[PDB]
Amino acid sequence: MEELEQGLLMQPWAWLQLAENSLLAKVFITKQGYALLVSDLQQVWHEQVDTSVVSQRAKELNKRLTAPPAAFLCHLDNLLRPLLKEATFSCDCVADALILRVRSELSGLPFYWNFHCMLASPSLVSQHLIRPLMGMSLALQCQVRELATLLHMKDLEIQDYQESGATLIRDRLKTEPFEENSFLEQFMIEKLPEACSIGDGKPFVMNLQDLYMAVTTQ
Amino acid sequence: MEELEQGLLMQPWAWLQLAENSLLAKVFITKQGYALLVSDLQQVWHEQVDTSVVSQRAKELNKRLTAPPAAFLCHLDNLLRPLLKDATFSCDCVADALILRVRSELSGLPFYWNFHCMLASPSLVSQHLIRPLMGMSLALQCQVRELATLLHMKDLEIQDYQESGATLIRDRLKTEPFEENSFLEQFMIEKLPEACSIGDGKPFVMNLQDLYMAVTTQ
Amino acid sequence: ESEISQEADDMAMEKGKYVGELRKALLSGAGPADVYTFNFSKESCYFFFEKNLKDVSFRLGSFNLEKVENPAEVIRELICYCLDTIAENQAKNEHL
(Lines of atoms letter the chains of each structure in order from A and count residues from 1; the text may use other names and numbers.)
(Lines give C-alpha, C1' and ligand atoms only; values in the text may rest on other atoms or scores of the structure.)
Protein backbone atom coordinates (compact mmCIF):
# COMPACT_ATOMS: atom_id res chain seq x y z
CA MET A 1 0.00 0.00 0.00
CA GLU A 2 0.98 3.66 0.36
CA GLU A 3 3.12 2.66 3.35
CA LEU A 4 5.09 0.33 1.08
CA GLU A 5 5.15 2.97 -1.67
CA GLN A 6 6.65 5.48 0.76
CA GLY A 7 9.14 2.91 2.04
CA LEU A 8 10.11 2.32 -1.58
CA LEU A 9 10.51 6.10 -1.86
CA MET A 10 12.99 5.95 1.04
CA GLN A 11 14.43 2.43 0.94
CA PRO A 12 17.12 2.29 -1.73
CA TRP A 13 17.54 0.68 -5.12
CA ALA A 14 19.24 -2.72 -5.20
CA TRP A 15 19.85 -4.63 -8.42
CA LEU A 16 18.33 -8.08 -8.74
CA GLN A 17 21.34 -10.39 -8.52
CA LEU A 18 20.50 -12.60 -11.50
CA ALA A 19 23.35 -11.59 -13.87
CA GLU A 20 20.94 -11.86 -16.81
CA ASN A 21 19.30 -8.46 -17.34
CA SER A 22 19.62 -4.97 -15.87
CA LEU A 23 16.73 -5.61 -13.47
CA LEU A 24 17.54 -2.69 -11.18
CA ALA A 25 15.16 -3.23 -8.28
CA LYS A 26 14.28 -0.96 -5.37
CA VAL A 27 14.13 -3.04 -2.19
CA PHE A 28 11.51 -2.28 0.46
CA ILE A 29 10.38 -5.53 2.09
CA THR A 30 8.18 -4.74 5.09
CA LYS A 31 5.13 -6.54 6.49
CA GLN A 32 1.74 -6.54 4.72
CA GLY A 33 3.50 -6.85 1.37
CA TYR A 34 6.66 -5.24 0.04
CA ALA A 35 7.86 -2.84 -2.66
CA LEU A 36 10.41 -4.29 -5.09
CA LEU A 37 10.19 -1.95 -8.08
CA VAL A 38 12.12 -3.72 -10.84
CA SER A 39 12.91 -2.09 -14.19
CA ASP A 40 14.31 -4.12 -17.09
CA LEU A 41 15.57 -1.11 -19.14
CA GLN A 42 12.88 -1.89 -21.75
CA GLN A 43 9.65 -1.45 -19.76
CA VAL A 44 8.35 0.44 -16.72
CA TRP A 45 6.82 -1.11 -13.61
CA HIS A 46 5.62 -0.37 -10.08
CA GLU A 47 5.51 -3.39 -7.76
CA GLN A 48 3.58 -1.75 -4.93
CA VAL A 49 2.28 -5.12 -3.78
CA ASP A 50 0.56 -6.13 -0.54
CA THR A 51 0.80 -9.47 1.25
CA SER A 52 -2.33 -10.87 -0.41
CA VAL A 53 -1.22 -10.08 -3.96
CA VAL A 54 2.32 -11.06 -2.91
CA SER A 55 1.11 -14.54 -1.99
CA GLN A 56 -1.16 -14.91 -5.01
CA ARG A 57 1.72 -13.96 -7.32
CA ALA A 58 3.86 -16.53 -5.50
CA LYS A 59 1.13 -19.11 -6.11
CA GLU A 60 0.51 -18.15 -9.76
CA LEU A 61 3.77 -19.86 -10.77
CA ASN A 62 3.79 -22.51 -8.03
CA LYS A 63 2.19 -25.89 -8.72
CA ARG A 64 2.72 -28.20 -5.72
CA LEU A 65 4.59 -26.15 -3.07
CA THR A 66 2.55 -23.47 -1.28
CA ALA A 67 2.18 -21.64 2.04
CA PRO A 68 -0.16 -19.37 4.03
CA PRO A 69 -0.32 -15.74 2.80
CA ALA A 70 1.81 -14.24 5.56
CA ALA A 71 3.98 -17.35 5.26
CA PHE A 72 4.62 -16.47 1.61
CA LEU A 73 5.28 -12.85 2.58
CA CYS A 74 7.84 -13.61 5.28
CA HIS A 75 9.33 -16.32 3.06
CA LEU A 76 10.01 -13.78 0.33
CA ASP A 77 11.32 -11.41 3.00
CA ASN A 78 13.82 -14.13 3.97
CA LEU A 79 14.47 -14.68 0.26
CA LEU A 80 16.25 -11.34 -0.12
CA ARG A 81 18.13 -11.77 3.17
CA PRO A 82 21.26 -13.58 1.85
CA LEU A 83 21.56 -11.85 -1.54
CA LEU A 84 19.45 -8.67 -1.82
CA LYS A 85 18.37 -7.46 1.64
CA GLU A 86 16.85 -18.43 -1.60
CA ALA A 87 19.66 -16.50 -3.31
CA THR A 88 18.60 -17.54 -6.83
CA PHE A 89 17.36 -14.90 -9.27
CA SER A 90 16.03 -14.98 -12.83
CA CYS A 91 13.32 -13.42 -14.98
CA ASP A 92 11.76 -13.20 -18.45
CA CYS A 93 12.46 -9.77 -19.92
CA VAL A 94 10.01 -10.38 -22.79
CA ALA A 95 6.92 -10.58 -20.55
CA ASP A 96 4.81 -7.44 -20.24
CA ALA A 97 4.46 -8.18 -16.52
CA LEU A 98 7.93 -8.47 -15.04
CA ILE A 99 7.77 -12.11 -13.93
CA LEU A 100 11.03 -12.28 -11.98
CA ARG A 101 11.64 -16.01 -12.23
CA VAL A 102 13.03 -16.25 -8.69
CA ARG A 103 13.37 -20.03 -8.37
CA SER A 104 14.30 -20.11 -4.69
CA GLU A 105 14.15 -23.60 -3.18
CA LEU A 106 12.86 -24.62 0.23
CA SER A 107 12.06 -28.35 0.09
CA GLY A 108 14.37 -29.71 -2.57
CA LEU A 109 11.19 -29.61 -4.68
CA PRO A 110 10.65 -26.73 -7.12
CA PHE A 111 9.25 -23.47 -5.77
CA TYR A 112 8.31 -20.67 -8.15
CA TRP A 113 8.47 -17.04 -7.03
CA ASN A 114 7.97 -14.04 -9.30
CA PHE A 115 8.48 -10.45 -8.22
CA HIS A 116 5.56 -9.74 -10.53
CA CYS A 117 5.65 -5.99 -11.06
CA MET A 118 2.46 -4.20 -12.07
CA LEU A 119 2.86 -2.51 -15.44
CA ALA A 120 3.40 1.15 -14.59
CA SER A 121 0.99 3.46 -16.35
CA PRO A 122 2.43 6.80 -17.52
CA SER A 123 0.89 8.19 -14.33
CA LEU A 124 2.38 5.37 -12.23
CA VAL A 125 5.95 5.98 -13.44
CA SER A 126 6.12 9.37 -11.70
CA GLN A 127 5.92 7.71 -8.26
CA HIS A 128 9.33 6.04 -8.32
CA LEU A 129 10.89 5.76 -11.79
CA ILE A 130 11.02 9.56 -12.08
CA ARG A 131 10.66 11.39 -8.75
CA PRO A 132 13.55 9.59 -6.98
CA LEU A 133 15.49 8.67 -10.13
CA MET A 134 15.25 12.11 -11.73
CA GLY A 135 15.54 13.73 -8.30
CA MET A 136 18.92 12.11 -7.72
CA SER A 137 19.84 12.73 -11.37
CA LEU A 138 19.20 16.48 -11.08
CA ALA A 139 20.99 16.32 -7.73
CA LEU A 140 23.98 14.73 -9.47
CA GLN A 141 23.86 17.41 -12.18
CA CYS A 142 23.94 20.10 -9.49
CA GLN A 143 26.74 18.16 -7.78
CA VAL A 144 28.71 18.13 -11.03
CA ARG A 145 28.20 21.87 -11.53
CA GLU A 146 29.07 22.78 -7.93
CA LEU A 147 32.07 20.45 -7.81
CA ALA A 148 33.20 21.86 -11.17
CA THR A 149 33.10 25.48 -10.02
CA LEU A 150 34.75 24.45 -6.75
CA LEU A 151 37.46 22.69 -8.77
CA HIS A 152 37.92 25.84 -10.86
CA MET A 153 38.29 28.14 -7.84
CA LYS A 154 40.56 25.64 -6.06
CA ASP A 155 42.70 25.45 -9.20
CA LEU A 156 42.81 29.26 -9.22
CA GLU A 157 44.12 29.03 -5.66
CA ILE A 158 46.57 26.32 -6.77
CA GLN A 159 47.88 28.49 -9.62
CA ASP A 160 48.22 31.38 -7.17
CA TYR A 161 50.33 29.01 -5.07
CA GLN A 162 52.66 28.11 -7.95
CA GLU A 163 52.95 31.80 -8.87
CA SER A 164 53.81 32.52 -5.22
CA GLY A 165 55.87 29.36 -4.75
CA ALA A 166 57.19 26.97 -7.41
CA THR A 167 57.27 24.00 -5.02
CA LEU A 168 56.28 20.61 -6.43
CA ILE A 169 55.41 17.94 -3.87
CA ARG A 170 53.98 14.65 -5.12
CA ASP A 171 53.06 14.89 -8.84
CA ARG A 172 50.82 11.84 -8.24
CA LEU A 173 47.61 13.64 -7.26
CA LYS A 174 48.68 16.75 -9.20
CA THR A 175 45.38 17.70 -10.80
CA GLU A 176 45.08 18.76 -14.40
CA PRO A 177 43.43 22.14 -15.06
CA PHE A 178 39.84 21.00 -14.71
CA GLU A 179 37.16 21.65 -17.32
CA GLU A 180 33.58 20.55 -16.68
CA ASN A 181 32.80 19.92 -20.35
CA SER A 182 36.10 18.12 -20.92
CA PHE A 183 35.36 16.00 -17.85
CA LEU A 184 31.90 15.14 -19.19
CA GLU A 185 33.30 14.25 -22.62
CA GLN A 186 36.10 12.09 -21.22
CA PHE A 187 33.45 10.43 -19.06
CA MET A 188 31.23 9.73 -22.10
CA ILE A 189 34.06 7.55 -23.49
CA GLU A 190 34.85 4.78 -21.00
CA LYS A 191 32.01 5.05 -18.47
CA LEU A 192 29.40 5.48 -21.20
CA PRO A 193 29.29 1.68 -21.77
CA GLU A 194 28.77 1.50 -18.01
CA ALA A 195 26.09 4.18 -18.39
CA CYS A 196 24.22 3.33 -21.60
CA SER A 197 24.67 -0.43 -21.17
CA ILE A 198 23.86 -0.55 -17.46
CA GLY A 199 24.38 -4.29 -17.20
CA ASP A 200 24.43 -4.82 -13.46
CA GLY A 201 23.64 -1.37 -12.08
CA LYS A 202 25.67 -2.13 -8.93
CA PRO A 203 27.74 1.05 -9.51
CA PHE A 204 24.40 2.87 -9.68
CA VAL A 205 23.13 1.54 -6.34
CA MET A 206 26.17 1.51 -4.08
CA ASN A 207 26.88 5.11 -5.21
CA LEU A 208 23.38 6.67 -5.56
CA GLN A 209 21.51 5.11 -2.66
CA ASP A 210 23.06 7.87 -0.55
CA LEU A 211 21.12 10.30 -2.75
CA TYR A 212 18.12 7.98 -2.53
CA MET A 213 18.12 8.32 1.27
CA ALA A 214 16.97 11.95 0.92
CA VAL A 215 15.46 12.16 -2.59
CA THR A 216 12.01 11.22 -1.14
CA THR A 217 11.22 14.91 -0.57
CA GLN A 218 8.84 14.96 -3.54
CA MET B 1 10.92 1.40 -41.17
CA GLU B 2 10.85 1.52 -37.35
CA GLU B 3 12.89 4.74 -37.36
CA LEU B 4 10.14 6.26 -35.20
CA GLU B 5 11.35 4.20 -32.25
CA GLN B 6 14.99 4.59 -33.30
CA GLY B 7 14.37 8.32 -33.42
CA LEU B 8 12.70 7.81 -30.04
CA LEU B 9 15.83 6.47 -28.34
CA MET B 10 18.02 9.40 -29.43
CA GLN B 11 14.97 11.70 -29.30
CA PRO B 12 16.07 15.23 -28.34
CA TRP B 13 14.06 16.74 -25.49
CA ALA B 14 12.50 19.94 -26.85
CA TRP B 15 10.39 22.16 -24.61
CA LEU B 16 6.94 22.49 -26.16
CA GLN B 17 5.60 26.06 -26.30
CA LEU B 18 2.11 26.23 -24.79
CA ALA B 19 -0.51 28.58 -23.48
CA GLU B 20 -0.99 25.88 -20.81
CA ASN B 21 1.23 23.72 -18.60
CA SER B 22 4.14 23.08 -20.97
CA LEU B 23 5.21 19.44 -21.28
CA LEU B 24 8.28 17.91 -22.94
CA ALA B 25 6.50 16.77 -26.07
CA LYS B 26 9.51 15.44 -27.99
CA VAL B 27 9.28 13.77 -31.38
CA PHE B 28 11.32 12.71 -34.40
CA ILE B 29 9.06 13.90 -37.22
CA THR B 30 9.75 11.72 -40.26
CA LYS B 31 8.44 11.63 -43.81
CA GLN B 32 6.65 8.40 -42.78
CA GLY B 33 5.05 9.75 -39.61
CA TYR B 34 6.63 10.25 -36.20
CA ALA B 35 6.69 9.13 -32.57
CA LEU B 36 5.81 11.92 -30.13
CA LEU B 37 7.01 10.53 -26.80
CA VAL B 38 5.70 13.34 -24.62
CA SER B 39 7.92 12.86 -21.55
CA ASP B 40 7.50 15.80 -19.19
CA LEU B 41 8.73 13.48 -16.40
CA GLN B 42 5.12 13.52 -15.17
CA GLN B 43 3.14 11.49 -17.73
CA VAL B 44 4.48 9.67 -20.79
CA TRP B 45 2.75 9.70 -24.18
CA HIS B 46 3.59 8.30 -27.61
CA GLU B 47 2.14 9.19 -31.02
CA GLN B 48 3.03 6.08 -33.03
CA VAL B 49 1.54 7.32 -36.29
CA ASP B 50 2.59 7.18 -39.94
CA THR B 51 2.55 10.12 -42.33
CA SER B 52 -0.69 9.05 -44.02
CA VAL B 53 -2.76 8.74 -40.85
CA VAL B 54 -1.55 12.01 -39.30
CA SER B 55 -1.91 13.85 -42.62
CA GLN B 56 -5.48 12.60 -43.05
CA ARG B 57 -6.11 13.49 -39.40
CA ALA B 58 -5.08 17.06 -40.18
CA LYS B 59 -7.17 17.12 -43.36
CA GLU B 60 -10.28 15.84 -41.56
CA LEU B 61 -9.75 18.20 -38.61
CA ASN B 62 -9.22 21.12 -40.99
CA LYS B 63 -12.86 21.87 -41.74
CA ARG B 64 -12.48 23.14 -45.34
CA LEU B 65 -8.93 22.51 -46.54
CA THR B 66 -7.51 21.77 -50.00
CA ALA B 67 -3.95 20.72 -49.15
CA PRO B 68 -1.67 17.84 -50.13
CA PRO B 69 -0.44 15.41 -47.47
CA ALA B 70 3.08 16.73 -48.11
CA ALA B 71 1.94 20.21 -47.04
CA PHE B 72 0.97 18.91 -43.61
CA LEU B 73 4.06 16.69 -43.65
CA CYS B 74 6.14 19.88 -43.81
CA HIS B 75 3.79 21.36 -41.20
CA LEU B 76 4.81 18.42 -38.99
CA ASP B 77 8.50 18.73 -39.88
CA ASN B 78 8.17 22.22 -38.43
CA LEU B 79 7.62 20.27 -35.17
CA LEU B 80 10.65 18.00 -35.71
CA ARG B 81 11.96 19.86 -32.70
CA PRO B 82 8.57 20.51 -31.08
CA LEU B 83 8.78 24.26 -30.47
CA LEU B 84 6.23 25.70 -32.92
CA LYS B 85 4.89 24.07 -36.08
CA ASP B 86 2.37 26.64 -37.36
CA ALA B 87 -0.86 28.03 -33.63
CA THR B 88 0.46 27.85 -30.08
CA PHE B 89 0.37 24.34 -28.64
CA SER B 90 -1.85 23.02 -25.87
CA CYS B 91 -1.54 19.61 -24.20
CA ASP B 92 -4.21 17.48 -22.52
CA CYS B 93 -2.35 15.88 -19.61
CA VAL B 94 -5.39 14.00 -18.31
CA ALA B 95 -5.23 10.55 -19.93
CA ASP B 96 -3.04 8.21 -21.99
CA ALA B 97 -4.02 10.18 -25.12
CA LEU B 98 -2.35 13.60 -25.27
CA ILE B 99 -4.26 16.16 -27.34
CA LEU B 100 -1.53 18.48 -28.64
CA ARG B 101 -3.69 21.22 -30.13
CA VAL B 102 -2.26 23.00 -33.19
CA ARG B 103 -4.78 25.60 -34.37
CA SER B 104 -4.00 26.08 -38.07
CA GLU B 105 -4.81 29.79 -38.06
CA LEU B 106 -3.67 32.55 -40.42
CA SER B 107 -6.53 35.05 -39.88
CA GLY B 108 -9.50 33.38 -41.60
CA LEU B 109 -12.51 31.45 -40.30
CA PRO B 110 -12.55 28.94 -37.39
CA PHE B 111 -10.14 25.99 -37.25
CA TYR B 112 -8.97 23.36 -34.77
CA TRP B 113 -6.28 20.71 -35.30
CA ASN B 114 -4.69 18.57 -32.61
CA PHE B 115 -2.43 15.58 -32.07
CA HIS B 116 -3.49 12.26 -30.52
CA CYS B 117 -0.59 10.75 -28.56
CA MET B 118 -2.10 7.41 -27.58
CA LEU B 119 -0.80 5.20 -24.77
CA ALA B 120 2.97 5.37 -24.49
CA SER B 121 4.79 2.20 -25.48
CA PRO B 122 6.57 1.06 -22.29
CA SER B 123 9.60 -0.05 -24.31
CA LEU B 124 10.13 3.48 -25.63
CA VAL B 125 9.07 4.81 -22.23
CA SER B 126 12.15 3.04 -20.90
CA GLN B 127 14.02 4.38 -23.94
CA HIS B 128 13.39 7.85 -22.50
CA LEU B 129 12.21 7.28 -18.90
CA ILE B 130 14.27 4.30 -17.72
CA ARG B 131 17.04 2.95 -19.92
CA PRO B 132 18.97 6.08 -21.01
CA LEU B 133 17.69 7.81 -17.86
CA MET B 134 19.18 4.97 -15.85
CA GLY B 135 22.24 5.45 -18.03
CA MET B 136 22.59 9.19 -17.50
CA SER B 137 21.87 8.79 -13.78
CA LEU B 138 24.70 6.26 -13.42
CA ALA B 139 26.85 8.48 -15.65
CA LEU B 140 26.21 11.53 -13.47
CA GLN B 141 26.88 9.46 -10.34
CA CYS B 142 30.24 8.12 -11.49
CA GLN B 143 30.93 11.64 -12.76
CA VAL B 144 30.43 12.81 -9.18
CA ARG B 145 32.78 10.02 -8.08
CA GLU B 146 35.53 11.05 -10.50
CA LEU B 147 34.86 14.61 -9.34
CA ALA B 148 35.35 13.26 -5.81
CA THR B 149 38.81 12.15 -6.91
CA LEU B 150 39.44 15.52 -8.58
CA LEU B 151 38.27 17.53 -5.56
CA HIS B 152 40.35 15.38 -3.22
CA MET B 153 43.43 15.95 -5.37
CA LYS B 154 42.85 19.72 -5.50
CA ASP B 155 42.22 19.90 -1.74
CA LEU B 156 45.43 18.02 -0.99
CA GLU B 157 47.23 20.24 -3.51
CA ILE B 158 46.05 23.44 -1.82
CA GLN B 159 46.75 22.07 1.66
CA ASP B 160 50.22 20.67 0.92
CA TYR B 161 50.92 24.03 -0.71
CA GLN B 162 49.87 25.86 2.46
CA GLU B 163 52.23 24.09 4.88
CA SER B 164 55.07 23.94 2.31
CA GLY B 165 55.40 27.73 2.13
CA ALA B 166 54.04 30.54 -0.03
CA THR B 167 50.73 30.35 1.82
CA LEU B 168 48.15 32.88 0.65
CA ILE B 169 47.94 35.99 2.84
CA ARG B 170 44.15 36.41 2.45
CA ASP B 171 43.17 34.11 5.30
CA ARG B 172 39.62 35.51 5.34
CA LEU B 173 38.75 34.12 1.87
CA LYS B 174 40.69 30.83 1.81
CA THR B 175 39.12 27.39 2.21
CA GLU B 176 39.63 24.79 4.91
CA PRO B 177 41.03 21.35 3.98
CA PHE B 178 38.17 20.16 1.80
CA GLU B 179 36.89 16.73 0.82
CA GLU B 180 34.13 15.35 -1.38
CA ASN B 181 32.19 13.81 1.51
CA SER B 182 32.03 17.24 3.15
CA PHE B 183 30.26 18.44 -0.01
CA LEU B 184 28.00 15.38 -0.24
CA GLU B 185 26.86 15.53 3.40
CA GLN B 186 25.62 19.10 2.94
CA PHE B 187 24.22 18.27 -0.51
CA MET B 188 22.11 15.35 0.74
CA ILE B 189 20.36 17.62 3.24
CA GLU B 190 20.21 20.93 1.33
CA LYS B 191 20.38 20.53 -2.45
CA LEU B 192 19.31 16.91 -3.05
CA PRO B 193 15.88 17.57 -1.44
CA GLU B 194 15.48 20.68 -3.63
CA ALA B 195 17.41 19.50 -6.69
CA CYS B 196 14.73 16.81 -6.61
CA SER B 197 12.50 19.01 -8.79
CA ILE B 198 10.68 16.93 -11.39
CA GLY B 199 8.62 19.83 -12.75
CA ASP B 200 6.86 19.84 -16.11
CA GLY B 201 9.89 18.51 -17.97
CA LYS B 202 11.72 21.84 -17.93
CA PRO B 203 14.20 20.59 -15.26
CA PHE B 204 15.14 17.90 -17.79
CA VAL B 205 15.89 20.32 -20.63
CA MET B 206 17.80 22.69 -18.35
CA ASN B 207 20.10 20.09 -16.75
CA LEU B 208 19.34 16.53 -17.94
CA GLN B 209 18.73 16.85 -21.69
CA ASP B 210 22.37 17.57 -22.52
CA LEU B 211 23.84 14.54 -20.77
CA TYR B 212 20.90 12.50 -22.05
CA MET B 213 21.96 13.43 -25.58
CA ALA B 214 25.44 12.39 -24.47
CA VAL B 215 23.96 8.98 -23.50
CA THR B 216 21.52 8.48 -26.39
CA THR B 217 23.97 5.89 -27.77
CA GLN B 218 21.96 3.15 -26.04
CA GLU C 1 3.58 -37.39 -0.64
CA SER C 2 1.56 -34.15 -0.58
CA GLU C 3 2.45 -33.79 3.12
CA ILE C 4 6.14 -33.54 2.14
CA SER C 5 6.27 -30.59 -0.30
CA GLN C 6 4.41 -27.44 0.77
CA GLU C 7 5.58 -27.58 4.41
CA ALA C 8 8.93 -26.02 3.44
CA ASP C 9 7.23 -22.86 2.21
CA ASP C 10 5.32 -22.91 5.50
CA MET C 11 8.53 -22.99 7.55
CA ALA C 12 9.59 -20.63 4.72
CA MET C 13 13.38 -20.89 5.05
CA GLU C 14 15.41 -21.92 2.02
CA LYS C 15 16.27 -25.44 0.89
CA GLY C 16 18.45 -27.95 2.72
CA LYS C 17 16.88 -27.20 6.09
CA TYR C 18 13.50 -28.77 5.29
CA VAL C 19 14.74 -32.23 4.25
CA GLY C 20 16.98 -32.54 7.30
CA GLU C 21 14.17 -31.30 9.53
CA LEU C 22 11.82 -33.96 8.16
CA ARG C 23 14.43 -36.69 8.59
CA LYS C 24 15.37 -35.65 12.13
CA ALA C 25 11.67 -35.57 13.01
CA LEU C 26 11.40 -39.12 11.65
CA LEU C 27 14.70 -40.06 13.29
CA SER C 28 16.01 -38.99 16.70
CA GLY C 29 16.45 -35.28 17.38
CA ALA C 30 14.46 -32.08 17.87
CA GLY C 31 15.79 -28.54 18.19
CA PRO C 32 14.82 -26.02 20.86
CA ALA C 33 13.78 -23.34 18.35
CA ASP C 34 13.66 -25.57 15.25
CA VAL C 35 11.48 -27.97 17.24
CA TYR C 36 9.52 -30.60 15.34
CA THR C 37 6.56 -30.20 17.66
CA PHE C 38 5.19 -33.74 17.58
CA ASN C 39 1.53 -32.95 16.99
CA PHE C 40 0.78 -36.66 16.63
CA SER C 41 -2.89 -37.27 17.34
CA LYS C 42 -2.48 -40.70 18.92
CA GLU C 43 -6.04 -41.93 18.37
CA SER C 44 -6.52 -40.54 14.85
CA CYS C 45 -2.97 -41.59 13.86
CA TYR C 46 -1.67 -38.42 12.21
CA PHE C 47 1.77 -36.95 12.94
CA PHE C 48 2.82 -33.43 11.98
CA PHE C 49 5.16 -30.74 13.24
CA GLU C 50 4.86 -26.99 12.75
CA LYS C 51 7.57 -24.39 13.44
CA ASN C 52 5.12 -21.50 13.57
CA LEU C 53 6.30 -17.88 13.53
CA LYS C 54 6.32 -14.74 11.35
CA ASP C 55 2.71 -13.53 11.31
CA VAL C 56 1.04 -16.94 10.64
CA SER C 57 1.35 -20.61 11.55
CA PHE C 58 4.19 -22.39 9.74
CA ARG C 59 3.45 -26.07 9.20
CA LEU C 60 7.08 -27.20 9.23
CA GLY C 61 6.33 -30.85 8.48
CA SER C 62 3.50 -33.38 8.33
CA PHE C 63 3.73 -37.18 8.20
CA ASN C 64 0.53 -39.23 8.28
CA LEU C 65 0.47 -42.77 9.68
CA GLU C 66 -1.81 -45.85 9.78
CA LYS C 67 -2.64 -47.20 13.25
CA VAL C 68 -1.67 -50.84 13.70
CA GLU C 69 -4.55 -53.17 14.58
CA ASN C 70 -2.56 -54.72 17.43
CA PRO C 71 -0.62 -51.95 19.21
CA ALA C 72 1.54 -54.42 21.13
CA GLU C 73 3.14 -55.79 17.93
CA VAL C 74 5.66 -53.15 16.88
CA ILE C 75 6.10 -52.12 20.52
CA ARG C 76 7.29 -55.64 21.29
CA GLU C 77 9.44 -55.54 18.16
CA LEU C 78 11.13 -52.30 19.23
CA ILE C 79 11.64 -53.35 22.85
CA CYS C 80 13.02 -56.76 21.86
CA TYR C 81 15.42 -54.92 19.55
CA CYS C 82 16.42 -52.78 22.54
CA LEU C 83 17.02 -55.81 24.78
CA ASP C 84 18.95 -57.59 22.01
CA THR C 85 21.24 -54.60 21.58
CA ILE C 86 21.56 -54.38 25.39
CA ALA C 87 22.72 -58.00 25.64
CA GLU C 88 25.07 -57.51 22.68
CA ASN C 89 26.48 -54.38 24.34
CA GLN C 90 27.14 -56.18 27.63
CA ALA C 91 28.75 -59.25 26.03
CA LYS C 92 30.91 -57.24 23.66
CA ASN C 93 31.82 -54.93 26.55
CA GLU C 94 33.17 -57.78 28.66
CA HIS C 95 35.21 -58.93 25.61
CA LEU C 96 36.36 -55.27 25.32
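Swiss-Prot numbering applies to chain A: residues 1-85, 92-224, in that order.
For this deposited structure, the header notes the method as electron microscopy, 7.8 Å.
Note that Cβ sites are derived from N, Cα and C of the backbone, with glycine treated the same way.
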Listed as phosphoserine by Swiss-Prot, one of A:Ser113, A:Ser132, A:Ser170: A:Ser132
Annotation match for phosphoserine in Swiss-Prot, from A:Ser110, A:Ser129, A:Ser188, A:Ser203: A:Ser203
Sites among the recorded positions A:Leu115, A:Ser132, A:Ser203 close to chain B [C-beta, under 8 Å]: A:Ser132, A:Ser203
Inter-residue Cα distance where the pair is A:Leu115 (site 'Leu-lock') and A:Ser132 (phosphoserine), in Å: 40
Modified residues listed as A:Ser132, A:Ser203, least Cβ neighbours within 10 Å: A:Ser203
Distance, A:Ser203 (phosphoserine) to A:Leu115 (site 'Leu-lock') (CA atoms, angstrom): 36
DSSP-derived class (H/G/I helix, E/B strand, else coil) of A:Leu115 (site 'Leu-lock'): coil
CB contacts for A:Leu115 (site 'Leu-lock') [other CB atoms within 10 A, all chains]: 18
Secondary-structure category, per DSSP, in which A:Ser132 (phosphoserine) falls: helix
